[PDB]
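All remarks here apply to the structure that follows.
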Amino acid sequence: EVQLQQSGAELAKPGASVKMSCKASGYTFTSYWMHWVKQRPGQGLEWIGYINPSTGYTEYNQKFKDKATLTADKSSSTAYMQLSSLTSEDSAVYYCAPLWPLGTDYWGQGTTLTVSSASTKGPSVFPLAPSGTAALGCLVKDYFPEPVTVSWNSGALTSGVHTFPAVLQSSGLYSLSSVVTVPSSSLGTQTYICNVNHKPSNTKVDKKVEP
Amino acid sequence: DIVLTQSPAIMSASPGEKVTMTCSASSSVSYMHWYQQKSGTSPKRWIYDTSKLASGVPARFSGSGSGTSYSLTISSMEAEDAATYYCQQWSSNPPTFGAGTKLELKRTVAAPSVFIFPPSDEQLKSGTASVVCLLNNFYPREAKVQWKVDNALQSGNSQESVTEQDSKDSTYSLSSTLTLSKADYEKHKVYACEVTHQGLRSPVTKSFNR
């Protein structure tokens, strides 16, 4: 019943500002403080601050005092955090969560922030051609920023699929592979197509893989 | 400003085993809280006030500790308990979290199926060559992949990526990508992917000729 719908992922330029939202449903917005926590890979979780949506009172971790600004709109049951003077250190996942008082064990799904001066770039998609079990796949190369979405035969091919985590190239652009394992007898019969979807560049590409 | 150090950083456990992870606070702490995070989801409250379980948490979990050492325990490890566990304190503000303890599943060794892929002609048109080597459904994660071009051991021109542990059979997969320029690719003829792993008695080599 309780759902915390956070804003979509954002890409921001260095020194710019970004505002992310956190919509509350299923519980009384004013009765619970809204905390904000930061997750960088490798570092762990950092506590940013809280707001009391009834009174608007805020406290901040001294680390984030000047970075973050917390606001809340009782009318829409929505909490806000604004990051300013963005650096690459501010690239992280920011969670929104009523940790106090107790009784709402759920967090928001998380907004991913990327701080880069670079423009978006769509992926190039190359096949990994096969040739009683043959492997085949798709190489999704040279995109920015994250993430990329790979599905197979529009969705009807879920079993045996391995979409690997993105790996950062020396070019500064991400790359990943998506692989599927299938019987080799069905190679000439079944047609295998991977559906690559890169949202920040509004790019959809479908690539047929054949021996 | 209390720094929570969780030990161990990585651990594995067989289903049935008892699991214990600690959280050591740089200063005294009244209560410790524990959150659970599974891959690609947000954290969830798991234990509050040191010992008290959250709503939904199975009884196999339990929490103890005082002063500078707190503990999270699972009496009978289960498959669904594989996740990352963070400890937290409010006692002294600012609130601080732990670095996490990752709980993976144990399993018998499994050898990888190895595949090698030559670069597509569409890619060579772009002037670059990616040679991909795929290791499928193996355990443990520790595997050594080496590229050898005309018996020359490559170095510094390849990247690996590893999947999360499979929820079903607890195996891993890995893709090593050997990136060359189209010029360098065509200088040499034989491309080889040499996998070493405990599930193999001897290293498996997949190769092709240009």
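Following the order of the structure tokens, first chain is A, next is B, and so on, with residues numbered from 1 inside each chain and ligands from 1 in the order they appear.
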
As a ChimeraX atom specification, please: the residues near range 138-150 of chain A (cut-off 8 Å, only C-alpha atoms, same-chain neighbours under 4 positions excluded). /A:11,114,119-128,163,171,173-179,194-200,207,209

Review point. Residues of range 171-210 of chain B in helix (DSSP H, G or I) according to DSSP, as a PyMOL selection string?
Key: chain B and resi 182-187

Practice problem: Give me, as a list in words, the contact residues of chain A against chain B at a cut-off of 6 Å, counting only C-alpha atoms. | Solution: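 Those within range of chain B come out as residues 44, 45, 61, 105, 106, 109, 128 and 164 of chain A.
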
**Message:** Residues within 12 Å of residue 41 in chain A, please, as an MDAnalysis selection string. Count only C-alpha atoms; anything in the same chain fewer than 6 positions from it doesn't count.
**Reply:** (chainID A and resid 89 91:94 112) or (chainID B and resid 99:100)

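Distances here use only C-alpha atoms; by that measure, the residue among B:39, B:181, B:24, B:73 closest to residue 4 in chain B is B:24.
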
inquiry  = Report as a PyMOL selection string all protein, DNA and RNA residues lying within 8 Å of range 183-193 of chain A, evaluated on only C-alpha atoms, omitting residues in the same chain fewer than 4 positions from it.
reply    = chain A and resi 132-134+152-154+206-211

Just write the chosen residues, C-alpha atoms, as a PDB file, in the first residue's frame.
```
ATOM      1  CA  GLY A 132      23.686 -29.540 -28.884  1.00  0.00           C
ATOM      2  CA  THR A 133      23.873 -26.056 -27.389  1.00  0.00           C
ATOM      3  CA  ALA A 134      25.172 -22.914 -29.102  1.00  0.00           C
ATOM      4  CA  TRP A 152      15.294 -10.889 -26.754  1.00  0.00           C
ATOM      5  CA  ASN A 153      12.743 -11.825 -29.426  1.00  0.00           C
ATOM      6  CA  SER A 154      10.514  -9.024 -28.098  1.00  0.00           C
ATOM      7  CA  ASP A 206      16.670  -4.303 -32.920  1.00  0.00           C
ATOM      8  CA  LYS A 207      19.511  -6.446 -34.268  1.00  0.00           C
ATOM      9  CA  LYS A 208      19.021  -9.856 -35.869  1.00  0.00           C
ATOM     10  CA  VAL A 209      21.654 -12.459 -34.968  1.00  0.00           C
ATOM     11  CA  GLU A 210      22.303 -15.178 -37.543  1.00  0.00           C
ATOM     12  CA  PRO A 211      25.091 -17.774 -38.047  1.00  0.00           C
TER      13      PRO A 211
END
```

- Task: For residue 180 in chain A, list every protein, DNA or RNA residue within 6 Å, evaluated using only C-alpha atoms, and leave out those in the same chain fewer than 2 positions away; present the list as number ranges by chain.
- Result: A: 135-137, 160-161

Identify which of the residues B:187, B:197, B:182, B:168 lies closest to residue 139 in chain B, counting only C-alpha atoms when measuring atom-to-atom distances.
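Comparing B:187, B:197, B:182, B:168 against residue 139 in chain B, the winner is B:197.
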
Just want the 6 Å neighbourhood of residue 74 in chain B, counted on only C-alpha atoms, with same-chain residues fewer than 4 positions away dropped. Output as an NGL selection string. :B and (18-19 or 60-61)

Using N, CA, C and O atoms, can you export the residues from the last selection as a compact mmCIF listing (two decimals), in the first residue's frame?
```txt
# COMPACT_ATOMS: atom_id res chain seq x y z
N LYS B 18 24.67 -21.56 9.99
CA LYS B 18 24.46 -20.34 10.75
C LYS B 18 25.36 -19.25 10.18
O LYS B 18 26.53 -19.49 9.89
N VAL B 19 24.80 -18.06 10.02
CA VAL B 19 25.52 -16.93 9.45
C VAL B 19 25.62 -15.84 10.51
O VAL B 19 24.64 -15.54 11.19
N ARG B 60 14.30 -16.78 11.75
CA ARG B 60 15.68 -17.24 11.73
C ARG B 60 16.68 -16.10 11.94
O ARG B 60 17.81 -16.35 12.35
N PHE B 61 16.27 -14.86 11.66
CA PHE B 61 17.12 -13.70 11.90
C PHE B 61 17.08 -13.29 13.37
O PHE B 61 16.06 -13.46 14.05
```

Separating CA of residue 91 in chain B from CA of residue 29 in chain B, to the nearest tenth of an Å, is a gap of 5.8 Å

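Reported to one decimal place, the separation of CA of residue 53 in chain A from CA of residue 35 in chain A is 10.7 Å.
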
**Asked** Taking the backbone alone, and naming residues the way the document does, which bits of range 14-110 of chain A are strand (DSSP E or B) by DSSP, as a ChimeraX atom specification?
**Response** /A:18-25,33-40,44-51,58-60,68-73,78-83,92-100

Who sits within 12 Å of residue 66 in chain A, only C-alpha atoms, same chain under 6 positions skipped, as a compact mmCIF listing (two decimals) with N, CA, C and O atoms, in the first residue's frame:
```txt
# COMPACT_ATOMS: atom_id res chain seq x y z
N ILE A 48 21.95 12.20 4.22
CA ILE A 48 21.98 13.59 3.78
C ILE A 48 21.26 14.50 4.77
O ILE A 48 21.81 15.52 5.21
N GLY A 49 20.03 14.16 5.13
CA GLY A 49 19.25 15.01 6.01
C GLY A 49 17.82 14.54 6.06
O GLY A 49 17.44 13.53 5.46
N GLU A 59 17.15 19.31 9.17
CA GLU A 59 18.53 19.22 9.61
C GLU A 59 19.32 18.47 8.54
O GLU A 59 18.77 17.64 7.81
N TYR A 60 20.60 18.77 8.47
CA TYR A 60 21.46 18.25 7.43
C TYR A 60 22.72 17.67 8.05
O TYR A 60 23.20 18.14 9.09
N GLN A 82 17.25 19.18 -3.62
CA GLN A 82 17.92 19.87 -4.71
C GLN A 82 19.42 19.85 -4.45
O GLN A 82 19.89 20.34 -3.42
N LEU A 83 20.17 19.27 -5.39
CA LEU A 83 21.62 19.35 -5.34
C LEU A 83 22.08 20.52 -6.20
O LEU A 83 21.51 20.80 -7.26
N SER A 84 23.10 21.22 -5.72
CA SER A 84 23.63 22.41 -6.36
C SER A 84 25.14 22.27 -6.46
O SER A 84 25.74 21.43 -5.78
N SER A 85 25.76 23.10 -7.30
CA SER A 85 27.21 23.10 -7.48
C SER A 85 27.74 21.69 -7.70
O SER A 85 28.62 21.20 -6.98
N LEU A 86 27.19 21.03 -8.72
CA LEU A 86 27.40 19.61 -8.91
C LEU A 86 28.85 19.30 -9.29
O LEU A 86 29.46 19.98 -10.11
```
